[PDB]
Structure formats: structure tokens, C-alpha cells
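Report on the following structure.
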Amino acid sequence: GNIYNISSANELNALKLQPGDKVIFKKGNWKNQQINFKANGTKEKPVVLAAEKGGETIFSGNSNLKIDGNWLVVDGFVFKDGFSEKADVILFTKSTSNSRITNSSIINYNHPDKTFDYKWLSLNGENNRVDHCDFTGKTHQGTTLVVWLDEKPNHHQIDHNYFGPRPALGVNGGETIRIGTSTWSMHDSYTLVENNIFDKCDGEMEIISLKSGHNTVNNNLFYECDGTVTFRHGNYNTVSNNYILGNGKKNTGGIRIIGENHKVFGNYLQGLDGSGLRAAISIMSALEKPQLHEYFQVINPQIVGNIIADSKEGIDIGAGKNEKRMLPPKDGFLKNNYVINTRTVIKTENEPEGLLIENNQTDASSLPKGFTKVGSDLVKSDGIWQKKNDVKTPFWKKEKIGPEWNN
Amino acid sequence: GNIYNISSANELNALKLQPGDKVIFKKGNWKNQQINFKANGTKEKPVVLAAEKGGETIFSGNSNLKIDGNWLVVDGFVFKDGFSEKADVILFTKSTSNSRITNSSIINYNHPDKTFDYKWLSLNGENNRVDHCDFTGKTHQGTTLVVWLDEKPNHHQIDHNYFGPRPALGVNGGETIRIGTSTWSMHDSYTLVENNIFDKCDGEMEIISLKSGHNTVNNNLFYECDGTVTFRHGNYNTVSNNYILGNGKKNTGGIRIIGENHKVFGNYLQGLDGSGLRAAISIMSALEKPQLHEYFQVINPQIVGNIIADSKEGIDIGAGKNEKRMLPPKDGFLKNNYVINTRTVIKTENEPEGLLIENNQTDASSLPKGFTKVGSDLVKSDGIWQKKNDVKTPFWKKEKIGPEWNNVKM
Ligand SMILES: O=C(O)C1=C[C@H](O)[C@H](O)[C@H](O[C@H]2[C@H](O)[C@H](O)[C@H](O[C@H]3[C@H](O)[C@H](O)[C@H](O[C@H]4[C@H](O)[C@H](O)[C@H](O)O[C@H]4C(=O)O)O[C@H]3C(=O)O)O[C@H]2C(=O)O)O1
Ligand SMILES: O=C(O)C1=C[C@H](O)[C@H](O)[C@H](O[C@H]2[C@H](O)[C@H](O)[C@H](O[C@H]3[C@H](O)[C@H](O)[C@H](O)O[C@H]3C(=O)O)O[C@H]2C(=O)O)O1
């Protein structure tokens with residue numbers, strides 16, 4: 001197709017784009033750009049909106065980007081020195097399918113009013129991808145990246161991004177990633193959050209809030225995060241092969257489980273300071289007849305192959321128990337987990353019903369039922385305690401995370 | 001305020017409008033107009049986008065309107081001789097409040113593909129108004145006018161519009177008005193549909209589909225409509241003072257009740273050819289533990305003062321009963337209703353539980369339980385049987401329905 005070198009969102013609007021067209025935004029700092037990337041491409045010929053030189057096309061002031069259409073690719077942009085007046089910084093519309101944003105950044109794009117809500121990235125539509133991006137420094141109301149649910153699963157892919165430091169919001173709505181809302185929580189989303197770094201994401205209790213079904217949070221790093229990866233609403237979610245490395249940092253929590261048929265496996269939950277709701281593996285108590293926005297009993301959780309090391313509290317069965325939250329976790333199993341150099345191996349706030357605890361290993365002098373002394377050889381490679389027969393280089397050591405043009 | 005005189009959507013894009021401005025789109029037929037009416041007005045000084053003369057600014061080809069802002073008024077435009085390529089023809093964004101569309105039309109604006117889905121008017125946000133508009137001739141997939149539910153009630157108002165002929169679509173998605181989806185059915189909408197005419201809206205089973213709560217379908221005319229006003233999902237909805245005049249036309253139905261705490265009162269249900277689900281008042285059976293998209297047991301239905309005349313079937317109690325749908329209507333009352341010159345006055349498919357049926361007058365020789373012999377309380381005025389003391393001029397006989405610039409007649 002054609003290559004169009006532009007220096008304004010107006011020029012992009014006065015353009016008719018066909019598959020294979022590439023729009024190149026001139027390098028520089030462009031203020032108050034309302035970009036509407038509205039076009040349609042194909043798998044073999046997508047329409048591309050790329051920066052002249054990666055990381056050198058800045059959108060300052062009140063600049064926004066809307067991605068509207070099929071097979072669209074946005075590449076190399078940086079939103080800094082500004083804020084949005086009302087809309088989300090980056091938006092994929094409901095009719096936007098098979099589109100992607102890559103090598104892009106949103107840095108300190110904060111509203112002067114800390115209570116003024118907007119998200120930095122909103123995902124809608126189907127099979128859209130956010131990759132090799134950088135979202136750092138959100139100080140105002142609103143989750144950084146939202147996956148907005150619909151009647152059909154989205155199969156969105158959020159991968160290889162760097163979610164930088166997010167200061168404590170003080171109130172709810174400060175998550176890094178929220179997948180769904182309580183109304184859409186009984187719907188399947190099928191979102192994949194994979195190979196991302198969540199560095200110092202302290203916005204609120206939940207770094208990731210899963211509020212829909214069949215999502216997968218796989219092989220990510222949660223580095224020194226004041227929060228937890230929570231299974232808030234919904235069923236059939238998976239939290240696997242992740243590294244939650246709090247580095248002894250205050251209130252660094254693990255994985256919080258609420259709802260049914262969840263799989264928590266292969267995670268490294270090390271150097272965590274949290275307890276109760278922020279335990280390395282927190283299994284919550286729930287209400288009898290809950291509305292969507294409330295708490296659903298933990299039924300059939302499958303917690304296997306997790307290595308908890310150097311932490312305050314490893315497992316908390318029945319966390320959050322009170323007058324309304326009396327229902328204990330039921331069914332499922334807690335098998336083949338390791339709990340080393342952890343002050344509390346297992347806490348029980350509510351006796352579980354039929355939760356099978358067996359073949360777990362700990363270095364604790366006192367073995368709680370279902371735990372034995374450590375029999376497998378362990379190794380501390382790349383700062384992480386791993387099984388000597390399953391030692392691997394963590395993804396961030398051998399892959400580029402965040403923009404390609406950055407370091 | 002400022003008065004702008006444009007002839008293109010490109011001119012509108014370059015205009016920086018403030019509370020009190022009025023943009024006047026020049027008389028003519030303009031094709032492929034992508035109208036983005038983005039502005040913020042006030043209650044005292046609104047921002048109007050008006051046609052030079054109502055009905056004389058035509059948007060043909062692939063034209064679309066987006067109403068994105070506060071206190072905005074769109075007035076006098078016609079969408080015809082074209083179709084939407086992807087988007088709904090007229091849209092109120094989720095960021096829109098206190099905005100209005102009046103004296104406007106969408107006429108046979110059909111995509112060449114009958115299965116291609118887009119709505120003609122889409123409502124989002126809150127306190128928005130669609131009035132004095134003409135929506136006629138939808139042949140392709142999709143509900144004509146949609147109220148899209150959100151987390152807070154909308155309080156939208158749909159009034160004095162003319163919804164003209166809609167051919168049968170043959171599948172779901174052929175409603176005239178859908179207020180919500182089963183996902184949002186337990187949410188309050190607070191939408192009002194009042195003083196509109198639904199003329200020959202044969203799109204599908206439901207002329208109007210209520211899939212949310214606290215809605216009011218009041219004082220409308222459904223003339224020769226192949227379908228029903230269905231309380232599909234949601235509770236506390238009201239269907240009152242409507243004229244459902246089938247005029248003997250094949251499968252013309254009435255009001256279909258599903259769910260809880262609904263009110264059905266003062267309706268004239270006459271010349272209906274429908275039975276079972278399409279009876280004048282059809283009170284459905286339901287599943288024991290249903291999902292939000294299925295059928296919820298009819299609880300506390302309050303059916304009073306309905307004048308059912310010249311129909312195939314008056315009331316069907318337990319309509320749609322099957323092996324799954326066994327829960328019958330419970331509680332509430334069916335009282336002060338009139339059923340005259342009707343083949344089956346009241347049919348009972350599933351025996352109701354605790355349903356009060358008293359003071360219902362009819363002319364059928366064998367009086368059913370809770371029915372008394374009708375006297376001379378009713379009179380046939382304007383071709384509509386009415387209670388003598390309550391005789392009135394129908395709203396459509398004395399009000400402009402549809403655009404002010406159009407001399408419409410059924
Ligand atoms: O440990 C906890 O996290 C927790 C403990 C407390 O006891 C509370 O129960 C607390 O509840 C929160 C839950 O996440 C709950 O499902 C719900 O979420 C709301 C909340 O407003 C979110 O910020 C959010 O927002 C959406 C949503 O559509 C909302 O209705 C509104 O329109 O705004 C948007 C938006 O753009 O942000 O999601 C909501 C939702 O899922 O319904 O309430 C929370 C709360 O009350 O704090 O959990
Ligand atoms: O109207 C009926 O009598 C009816 C009978 C069928 O047996 C079935 O239960 C049917 O389901 C329809 C109903 O409107 C549901 O709420 C649902 O609706 C969705 C549908 O795709 C529709 O076009 C619109 O988009 O609303 C959707 C929603 O989820 O609300 O399905 C309908 C269907 O035909 O399956 O009602």
C-alpha cells in the first residue's frame with residue numbers, strides 16, 4: 001500500500017486507508033492530538049500507524065488515541081506531558097477486531113484531579129493485542145488497563161508489557177488490570193495476560209482483578225507489588241507459572257481465590273510480606289446467597305506445584321471470614337506445593353469442606369497434615385527457589401519486555 | 001448565540017461550538033455524511049444542529065450521526081437512499097446526557113445484506129430524548145431503536161415518534177424497541193415510551209422487548225402490528241393506557257407477562273388475532289431455576305381496567321407451559337377487566353397460585369370463575385370499545401406524531 005507521512009491527527013482524518021497502508025507520524029512532540037485510527041485491513045495486509053522513529057513521536061497535552069477497525073497496528077507512540085479530559089487514553093472500539101498496539105507508552109499521563117476517572121488502555125472487541133508497551137505512573141482514579149466484557153469471549157492478548165510503578169490510590173479502582181465487572185462476571189472472556197512485568201504496581205489491593213471466566217494469567221512477574229492477583233468474580237480462571245517476588249516489601253501479597261473451578265499452578269511466591277487476604281495463597285470465605293458484586297464460595301480450587309519461599313504466610317484457608325462470609329472453601333485439592341523459609345506455612349481461618357491437602361513439602365519442624373519434609377532437591381537460580389529438576393531462566397532475563405526502542 | 005451555516009460534516013468538524021450556538025445544515029441531499037456532533041451546551045443555552053427547513057436536509061449514501069455531549073439538540077434531518085456500512089445510523093454515546101433528537105427520519109435505510117446487523121437509533125447515557133421522529137422500513141437484521149443498559153438508570157424518553165411498517169425478519173433482532181438485554185435485566189432502566197405510533201411493526205414476536213426494570217410503556221398506539229409488547233426479562237415494568245388495535249390482522253398479539261411486580265392497566269386490546277403467547281394478556285409459565293436469558297416466574301402481576309374486545313383470545317393463564325416451564329403465575333390480581341366479543345375469554349394452561357380474579361365483566365354465556373355479566377358500561381367510540389365515563393379522543397387524533405414538517409397519515 002501507500003506510506004503517508006503526517007504530523008497531525010487532522011491529516012490522518014483526511015485520509016482513505018486501504019489494506020497495506022502505513023501512516024508514519026513525524027518525530028517530535030505533538031500537543032492535543034485526537035487520533036482516530038479508523039480503517040480496515042486483512043491478515044496479509046494490515047493498516048499500520050507507526051511512529052517515524054520508535055519512542056520519538058510524543059503526544060502531549062490532551063491527546064487521545066482510538067483504534068477503530070479490523071487488522072490495525074499502532075507502533076512506537078508515547079503519551080507523556082499531559083492528560084485526558086474525559087476519554088480513556090487508548091481505546092479499542094467494540095467493532096475493533098484482530099488489532100494491536102505495540103511499542104507504545106503512557107507515562108505519568110495524570111489528571112490534575114486525582115478523583116477524575118479514565119483508564120489508560122481500554123480493550124473492547126475481539127482478538128486484540130496489547131504488547132511491548134509501557135504504562136507507568138497512574139495517580140488518578142481508574143484501572144490502568146481494562147478488558148471490557150461483552151456477550152462473546154474476547155480472546156484478548158496482553159503480553160510482554162512493562163506495567164511500571166503505580167502509587168497507592170487509597171480507594172477502589174486502582175488496579176493495574178481489571179478483566180470484566182461484576183455484571184459480566186458469569187460470562188467468559190478468555191483473556192491471556194502473559195510475560196508481563198508488574199513493577200511496583202501499588203494502586204490498590206488488587207494488582208489484577210479477574211471479574212469474568214476462562215481467563216489466563218500465565219508466566220508474569222509481579223515485582224515488589226503492594227497488592228495481590230485476585231480471582232474477584234467468575235469461574236474457570238487460571239493463574240499459572242507466575243513469579244510474585246515482593247523482595248520483603250511491606251504488604252506484598254500473593255494470589256487471592258474467590259469463586260469456582262480455579263487453577264493456581266506452578267507459581268513462585270517468594271519474599272512476600274502479606275498475610276490473611278494478602279497471603280501467598282489466600283483462599284477466601286464467602287456469603288450464603290451473594291449478588292454478583294459480592295463473594296462466591298471457593299469450590300474445587302486446584303492448587304498444585306507452587307513454590308512459596310522466604311515469606312510471612314504461605315497458605316490461608318478461609319481468609320476474610322466474618323458474619324456474612326461464613327462459607328468455607330470446599331472440594332478441590334492443595335497438592336505438591338513447597339513452603340520453605342516461611343514463618344506461617346498454613347493458617348486456617350475457616351475449616352474447608354473436602355479440600356484434599358496432600359503431598360506438600362515444607363522445611364518447617366512442625367508438619368501440618370498433608371505436608372512432609374523437603375525431599376526434592378531445590379536450587380536458587382536467578383534469585384528464585386526452584387526444583388533442581390525444573391530450573392529455568394525467568395522470561396524477563398531472555399526476552400524484551402516493554403517497547404523495543406527502550407532499555 | 002452564534003449562528004453557523006454549514007453544508008458538510010467536514011465544516012462541523014472544524015466548528016468550536018459553545019452553549020447557545022445553532023449550526024444550520026443547508027437544504028439539499030448530501031451523501032456519505034459522517035456527522036460527529038461533539039459539543040457541550042447548558043440547560044439555559046443548548047447547542048442545536050438543525051436542518052435549514054425540516055425534512056429538506058437529506059443524508060443519503062453511507063451517512064451516520066453521532067450525538068456526543070451534553071444539552072445537544074438535533075432537529076429536522078432525514079436519512080434515506082442509503083445504508084450504514086458498519087455503525088448504527090444514529091447514536092447517542094455513553095458520555096451523552098440531556099440530549100435530544102427531534103423532527104428526524106430514518107426511511108428504508110437498509111443495508112443490501114438482510115443479515116447485516118446495525119440499529120437505526122441507539123440510546124446510551126441518560127436523560128436523552130427521541131421525539132417527533134419517523135423510523136420506517138427496516139428490512140435488515142437488528143432492532144430499530146435500542147436502549148442500551150448501563151450501571152445507572154437512564155431515564156430516556158421516547159415520545160411522539162412514528163414507527164412505520166417493518167417487514168417480518170424471520171429471526172430474533174427484528175424488534176421495534178428493545179429496552180435492555182438479558183445480561184442487564186436485573187438493572188433499572190427507568191425508560192419511558194409514550195405517545196408513539198407503531199404502525200404495522202411486524203419485525204418479529206416482540207414489537208417492544210423489555211429486558212430491564214422500572215420501564216413505562218404508556219399511552220401508545222400499536223396499529224395492525226404482527227407481534228406483542230413483551231415483558232421479556234426484568235421486574236417492576238408498566239404497560240398502561242395503550243391501544244393495541246390489531247384490526248383483525250393475522251397473528252396480532254397483545255401484552256406478554258414474564259417476571260415480577262408488573263402493572264398492566266387501562267389498555268384497549270382490540271381486534272387481536274393472537275392466541276397463547278400472542279393473546280391480549282398472556283401471563284407466561286416459567287423455569288424453576290432460570291438463567292437471566294430464560295423465563296422468570298410471573299410474581300404479583302397487577303392486571304386491571306383492560307378493555308379486551310373483538311379478539312381470538314382474551315387472557316391466557318400459564319401461556320407457554322411445557323416440561324421445563326412448569327411454574328405458574330403467582331400472587332397479584334386480574335380484576336376490573338372487560339372481555340367482550342372474544343372467542344376464548346380466558347384460557348388456563350397452568351393453574352395459577354394465589355391469583356385473585358374478581359370483578360371481570362364479559363358477554364360470554366358461560367361465565368368463568370371471577371367473571372360477571374357485562375352491562376352497558378362500555379361504548380364503541382372511534383372504532384374502540386371504551387368505558388362510558390372515560391371516553392376520550394385518542395392521542396394520535398389530536399397530536400402531531402413524527403416530524404413537525406410531515407403531514408403523516410396511516
Ligand atoms: O477485597 C476487596 O476487594 C473488596 C472488599 C470489600 O468488602 C468490597 O466488597 C469490595 O468490592 C468491590 C468489588 O470489586 C465489587 O465487585 C465492585 O466493583 C465495582 C467498582 O465500582 C469498581 O471500581 C468497578 O467499576 C466499573 C463498573 O462498571 C462500575 O459499576 C462503574 O460503572 O464504574 C466502572 C469503571 O469505569 O470503573 O467495577 C464495579 C463492578 O464490577 O461492579 O465494588 C467494589 C467496591 O465497592 O469497592 O471488594
Ligand atoms: O420470545 C420468546 O418467546 C422466546 C422464546 C425462546 O424459546 C427463547 O427463550 C427466546 O430467547 C430470546 C430472548 O430474547 C432472550 O433474552 C435472548 O436474547 C438475545 C438475542 O440474541 C436478541 O436478538 C437480543 O440481542 O437480546 C439478546 C439478549 O441476551 O437479551 O435470546 C432470544 C433468542 O432468540 O434466543 O425467547
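Quick note: the coordinates plus some simple rules give every number you see, no bench work behind them. We place every Cβ from the backbone using ideal geometry, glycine too, and count neighbours over all the protein chains shown.
Here are a few things to note about the model shown:
- q = 0.09, 0.10, 0.13, 0.14 Å⁻¹: log10 I(q)/I(0) that the Debye formula gives for chain B, counting C-alpha atoms only: -0.55, -0.66, -1.04, -1.16
- Surface/4 of the Cα convex hull for the range B:250-352, nm²: 6.0 nm²
- Global form of the range A:315-394, assessed from the alpha-carbon gyration tensor, a/c cut-off 1.5: prolate
- Across the range A:322-339, coupling constants 3J(HN,Hα) worked out from phi with the 6.51/-1.76/1.60 Karplus curve, θ = phi - 60°, read 8, 6, 7, 8, 9, 5, x, x, 10, 6, x, 8, 10, 10, 6, 9, 10, 10 Hz, and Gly and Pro carry x.
- Whole-number percent relative contact order across the range B:3-397, with pairs defined as alpha carbons under 8 Å at least 6 apart: 7 percent
- Estimated vicinal HN-Hα couplings, Hz - the range A:108-124 in sequence order (Karplus 6.51, -1.76, 1.60; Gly, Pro = x): 6, 7, 9, 5, x, 9, 4, 8, 6, 8, 5, 9, 7, 9, 10, 9, 9
- Size descriptor, Kirkwood hydrodynamic radius, that averages inverse alpha-carbon separations across the range A:4-53, Å: 11.3 Å
- In plain terms, the chain from B:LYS324 to B:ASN10 could stretch by 107.4 nm, reckoned as 0.36 nm per residue minus the Cα-Cα distance.
- Nearby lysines by direct alpha-carbon distance to A:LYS324 (threshold 18 angstrom, same-chain neighbours under 8 apart not counted): A:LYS289
- Environment charge at A:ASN32 (Cβ cut-off 13 Å; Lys +1, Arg +1, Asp -1, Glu -1): 0
- Fraction in percent of alpha-carbon pairs per bin - 20 Å, the protein assembly as shown: 15, 39, 32, 13, 1
- For the range A:311-407, the set of trypsin sites (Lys or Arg not before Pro) satisfying both a DSSP loop assignment and a count of at most 15 other C-beta atoms within 10 Å is given as A:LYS324, A:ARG343, A:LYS369, A:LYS388, A:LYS392, A:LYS400.
- Value of relative contact order over the range A:250-365, rounded to a whole percent, pairs C-alpha under 8 Å and six or more apart: 26 percent
- Helix content alone sets the calculated 222 nm mean residue ellipticity of chain A: runs of n ≥ 4 DSSP H residues at -39500 (n - 2.57) each, divided across all residues, give -500 deg cm²/dmol.
- Ranked B:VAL78, B:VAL408, criterion: other C-beta atoms within 10 Å, fewest first: B:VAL408, B:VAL78
- Amide H contacts under 5 Å for B:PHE83, placed H, 5+ residues apart: B:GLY61, B:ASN62, B:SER63
- Relative intensity, log₁₀ I(q)/I(0), of the range B:1-128 from a Debye sum that treats every alpha carbon as a point, q = 0.18, 0.20 Å⁻¹: -0.92, -1.13
- DSSP-assigned coil residues among chymotrypsin sites (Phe, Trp or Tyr not before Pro) in the range A:171-201, each with at most 12 further Cβ atoms within 10 Å: none
- Summary of the geometry: the range B:168-186 and the range A:363-407, compared by the centres of their Cα atoms, lie 52 Å apart.
- The range A:298-407: relative contact order as a whole-number percent, Cα under 8 Å and 6+ apart: 22 percent
- Computed 3J(HN,Hα) for the range A:25-41, one whole-Hz value per residue from the Karplus formula 6.51 cos²θ - 1.76 cosθ + 1.60 where θ = phi - 60°, is 7, 3, 5, x, 10, 10, 8, 6, 8, 9, 6, 10, 7, 10, 6, 10, x, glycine and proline marked x.
- Surrounding net charge for B:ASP390, when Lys and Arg each add one and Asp and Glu each subtract one, Cβ distance under 15 Å: +2
- Between the range A:125-163 and the range A:73-118, the C-alpha centres lie 10 angstrom from each other.
- Projected area, mean over directions - the range B:212-263, Cα convex hull, nm²: 3.3 nm²
- Amide H contacts of A:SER311 (H built 1.01 Å from N, under 5 Å, at least 5 apart or other chain): A:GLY271, A:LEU272, A:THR342, A:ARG343
- Around A:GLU260: net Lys/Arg minus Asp/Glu count, Cβ-Cβ under 12 Å: +1
- Long-range HN-HN contacts of B:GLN141 with modeled amide H, under 5 Å: B:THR115, B:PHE116
- Three-way shape call for the range B:24-98 based on the alpha-carbon gyration tensor, with the a/c threshold at 1.5: oblate
- Trypsin sites (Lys or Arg not before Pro) within the range A:230-311, DSSP loop, no more than 14 other Cβ atoms inside 10 Å: A:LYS250
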